């Protein structure tokens, strides 16, 4: 028997740890889940179902239900694209577009582009964690409270708009080297913004955000460590690759992406590698010395990409190389990607060139629009 999962979403404020993901992998790999006699005695199982994108849960004595019965494959989007509110537009206007690129890579590596700038608040992937984190937060923390974090740019914009749609106040902390949209947009959206000229990278701002949180009593929502960030991308960004691949007819053989906190490619890789362990996750290591806005090297510290059981390859990519790839996707497809998207296109194009990749369809996850990166556009043309 099928019942609604919304009612049983207190498991989000009770299950801790990652042991529950063992349930996810088996349900996904099998393509079904066992009926629960007592839904409340199985917090791990219920959470796993929500995390893979179920809308319903299987209840009763001995039965099972398929992923489609559970609602992993439910179409959310109104054909007409009419939404009664922006927050509902983020929620139901999904998947973000998967576009097959005219870009040709060697060895029959076919490039598809998942365009995460089709998010309403930050025109970047960072929307998805920001709605998930703040949505759970609405359960516990009183309205009018200040919520805050460090950001390269995208999450601080996403946090600011979503915080304010949920009644909460927003503070974002940025390194001096971040883009102007990050420093400016939150203020347009009613947040306070603090910029540390000396902080060379976003992770380096963390101690400052923790100290001030201890002094001031604001809630530091902490995207690096906050498990909602990984869970958003499990039921959203990852799940969508799963569903679109099947419905699109794709011979999916891999994903390509970039790493900041590691939330989205950790979720894509894990979800996809549950369904089929061969699927590669080609990830980008920004080259040493260089700065690619939004992303970083793994060994500067990432939660999920380390601790979860994920097969992944790295490819080194310089900024100049990421910008070359912006330019060529823009000439091939006329779509203008952000620096971090070009870093993942490039990194896939290398493994493809190397001969390390099987023939078939790869989905690259493009985190934002190049329209927010005029300086790095200008510099890459000259």
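Numbering follows the first chain given and starts at 1.
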| query | finding |
| --- | --- |
| Mean C-alpha B-factor comparison - 35-43 and 333-341, higher one | 35-43 |
| Stretch with the higher entry mean CA B-factor, where the candidates are 120-128 and 97-105 | 97-105 |
| Top Cα B factor in the deposited entry, candidates 196, 88, 212, 240 | 196 |
| Out of 262, 278, 229, 244, highest CA B-factor residue | 278 |
| Ranked C-alpha temperature factor of residue 364 among modelled chain residues, by third | middle |
| Third of the chain, ranked by Cα B-factor, where residue 158 sits | lowest |
| Third assignment of residue 222 from its chain's C-alpha B-factors | middle |
| Lowest, middle or highest third - CA B-factor, residue 53 | lowest |
| Modelled-residue ranking by C-alpha temperature factor, third containing residue 325 | lowest |
